[PDB]
Structures are given as structure tokens and as C-alpha cells.
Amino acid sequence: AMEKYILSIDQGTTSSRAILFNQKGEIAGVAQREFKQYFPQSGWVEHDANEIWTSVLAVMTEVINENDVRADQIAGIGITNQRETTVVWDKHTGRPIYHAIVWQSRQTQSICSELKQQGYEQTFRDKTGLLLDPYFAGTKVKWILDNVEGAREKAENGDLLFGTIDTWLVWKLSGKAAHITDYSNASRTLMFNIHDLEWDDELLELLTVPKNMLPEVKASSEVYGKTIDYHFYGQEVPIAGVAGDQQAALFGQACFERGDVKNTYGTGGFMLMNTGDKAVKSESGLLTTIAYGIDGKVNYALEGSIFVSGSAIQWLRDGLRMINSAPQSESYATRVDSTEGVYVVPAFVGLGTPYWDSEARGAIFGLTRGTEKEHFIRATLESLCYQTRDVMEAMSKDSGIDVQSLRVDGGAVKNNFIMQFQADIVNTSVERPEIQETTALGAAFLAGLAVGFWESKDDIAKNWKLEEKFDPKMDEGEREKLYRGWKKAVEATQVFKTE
């Protein structure tokens, strides 16, 4: 028809989403499909990359069939994704050789430990902006090659390809035409040198990964290829935007300049501040990473990473079966006026910023006989806010900027209790936008800019609108007592080590 749209695919940790955006920046359709989470041992997290692929096909098809947009009205596709999660597959069959190892997974701990013991952690820090934690892709690749029968040989024979999720989806979607990643996704692999913007041969040799398995690193806004016709209703549509999910949210929050910051509350909680054209080092447990590559420039970021944020609330539903839906948690949490000393430390897959303790597991403290369901749920919800304060403190310290207002996005932001508690505990305003799908919006703009659907990234800034600003309303004394109890809870959590 006459109107054209951009299709954005957000392949998350627990679900895949496809959202259509019109010229005005409005959402013209959304579809979401969950896929299985595998936890074969304590702290491991795996996905079936085949199911992830079918979930992406499922949401593309749903969003095109069920709104008023046909495949021929799609001007371009942007792809964004859960970062670090690693897929290794056979290039001829297109079949993965093992589950995708998820970013959260701690299964590559023995590998990180060995590399740390051999004295290489500083080299990885200096070259990648990360550290030797199980979070990153490199060790997941090594794990697959070392532990899966036949993997090593196939790797040696040139039969295998590596990819983060963006890479996997583009290869499948393009009919094997394009094996690529962008700078933001590559920066999370532990194999890409963020300073010289090239795969690093030393790091690859330390990780025992053959260079023949790697995609070509590209900018985040560029026509990488097109959909193979049979995966897009007979049409060949430009695949033109790719960035890691948290970086996409950064771009979708118009945080384009040095000091601009946002926090995303998803499965995990990720605060990123754009540091412009220079990489900034951190002494307080932040990652130095790449924001995006566009217009021939590369922006870097400082990141605070929290492994379990919104997924703490989901655990209350799926795990303990205490609530029917995440939004229902607010009613329980607000039915009491305090947690009465209870803390929940949801270190289900260890602790990220600033602790970086991959052996810690989840714990709960301050329980008494009068602790009710309301208190427990309330404490679970406040853990999203306490973890964010930990990150903010590290971020304000290392950035040298005092954050006077945080833009936020992700599912948990709809929860007024959590947003207000957040503002209170950090004594900083929290701003929730009208369109909270910033990850999708960012990827849509990367693609749309590449195909000339939009002319300027500033449209994002212009279109952004404040839905609600939460202002701190809690005395310094209460705030400081509450936070001291949180830090004590984390301290106690770190003592529980059995492994």
C-alpha cells in the first residue's frame, strides 16, 4: 500500500518481540512469543537457538498477519538482541551443535578461573573493557569447542560458525548470505578489541577459538543484506540495523552524547551512559563498552550490569507461584508500609556490578514469624532499586558526572511502586517515557536511518515524551538506614559459598 514501516525484532532473554513503527515513530503493531529457559545445573542458563529462531519467525508472521501492514510495506528490518548469548552452528546444515549458552549462565566458570590463574585478566580488561566473568561470549565458545563431542574437529575443519544472537538471526534470515555483527554486539564477546576495532588474535588464541568461525564486524546502521524471500513472504527486505539490546535502548532514549544515561529494567538491569568518542576505564566495577557505530563514528559507553532485575518478579510468578502476573506484585507490595527488615538479594546467577562474584546465589534476609507474602514480595520488588543504586554509585564515581535525572525503560517501569521506591532510594528523579519500547525503537531507527526512512537520529529526541516523573519523597535518614541494610544483605550473601 502507500504507507511504509520499519520492522524491529527484539530477541530478548525470555521472549522475542516484533514491533512495527510508522513514519511518525508510533507503534503500528506488536507481537511477542516466549521460548523455553533451560537450567540444567545450579546457575547454568541455556536456550535452544532453534527455538529462538522459530520464535522470531513466529512474531514476524504474527505482526504482519494481524495488524494492517503487509510484507511489501516493510522498508527495512532492525535486529536487536540479548547480548553475549552464544550460538555455534554447522554452516552447511544450519543446525546448532549445542544449546545457546545464555549470558546469565555460570557454566564457563572453570574456564574463567583457569585464565585468571594464568594471569590474563588484565589483558582482557585493557583490550575489551570487560573482565573474565562467565557473562561474556568468548568462554561460552571455548566451552562448546572443548566439551561438545566432535566440536573441536569441525572447528578445525572449517565447518562451524560462531555468533551472538544478532549474528545468528541475520544469517538465518538472509538465507546464509550475511555473517555479521555490529560493533556493540562484538564488544561483548571477549574477543573484539574495542580500542582498535578488530577481532584480537591474542585473545582468540587464549580462548582457543579459530578465527574462521567469526563474523565480519560492521557499523550498527547499514544494509547488511536482505531477507531471503522464503523467510519474508516472498519479499527481499533490507536488514539494516543491528545493535545489542541495551545499546539499542540507549540510542532509543536519545542518549547520544557524552554523559547521557538510561537504565533498562528487563530480565537484567542495565545502566549505560554514553561517553562520546572516547572509552572510559572504571575502577568501580563498570564495563567499558561500545555504544554504537553510525555516521562513520563510534561511540563508547560505561555500563553497570545487574543479572537479575525484572526476572526476580517473574520468579515470584513462575518459580514460587505467588503471583499470577508481574503487575499483580504491586498490590501485594503496597498493602504493607515496609518490608519490616526483609531483604531479597536475587543473585540467581551471581552478582555483576560492582561485586563481580560469579559464585554467589540468591538469598533472603531479615525473616520473622510475622513476615507475610506482602513483605516478601515487597522486598523482591525493592531489590530492583537497591541494585540500581549500587550501579549509580559506581557510575557517579567513575564518570565524574552527578546524575540529576534518570530516563528509564523496560517492563518493570510500568510499576509505580518500583519507580517511586527507585527515586526515593537514590534521591534522584526517574523519568518514564510515553513509549517504553526503547530497545525496539532504537533498532528501528538504526535500520530506518540506513534505508532513508528517517533523515536524522534527532527525530528520536524530538519524539520522546515524558509520561511520568517520579520525585524523591523519603528522608535522608530512612534512605541511608535502608541502604545500609541492603549492603549488609549483600555482604551476608557473599559468605554463602559451597562450591
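Residue numbers run from 1 along the displayed sequence.
**Asked** Looking at the deposited entry, does 62-70 or 456-464 carry the larger mean Cα B-factor?
**Response** Looking at the record's C-alpha B-factors, the answer is 62-70.
**Prompt:** Which wins on mean Cα temperature factor, 439-447 or 53-61?
**Reply:** 53-61 has the higher mean C-alpha B-factor.
**Asked** When the CA B-factors of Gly252, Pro238, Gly94, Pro354 are compared as recorded in the entry, which is the largest?
**Response** The listed residue with the largest C-alpha B-factor is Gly94.
**Prompt:** Based on what the PDB entry reports, which of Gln420, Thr227, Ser105, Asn157 has the top C-alpha B-factor?
**Reply:** Max CA B-factor in the entry, restricted to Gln420, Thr227, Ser105, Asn157: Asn157.
**Request:** Using the B-factors in the PDB entry, rank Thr368's C-alpha atom against the chain and give the third, lowest, middle or highest.
**Result:** Its C-alpha B-factor, which the entry lists for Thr368, ranks in the lowest third among residues of this chain.
**Asked** If you rank the chain by CA B-factor, which third does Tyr38 end up in: lowest, middle or highest?
**Response** Middle third, going by the recorded CA B-factors of the chain.
**Asked** For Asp475, does the deposited CA B-factor place it in the lowest, middle or highest third of the chain?
**Response** Answer is highest: the recorded C-alpha B-factor places it there.
**Request:** Pull the Cα B-factor of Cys112 out of the PDB entry and bin it into the chain's lowest, middle or highest third.
**Result:** Answer is highest: the recorded C-alpha B-factor places it there.
**Asked** Would the CA B-factor of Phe376 place it in the lowest, middle or highest third of its chain?
**Response** It falls in the bottom third of the chain.
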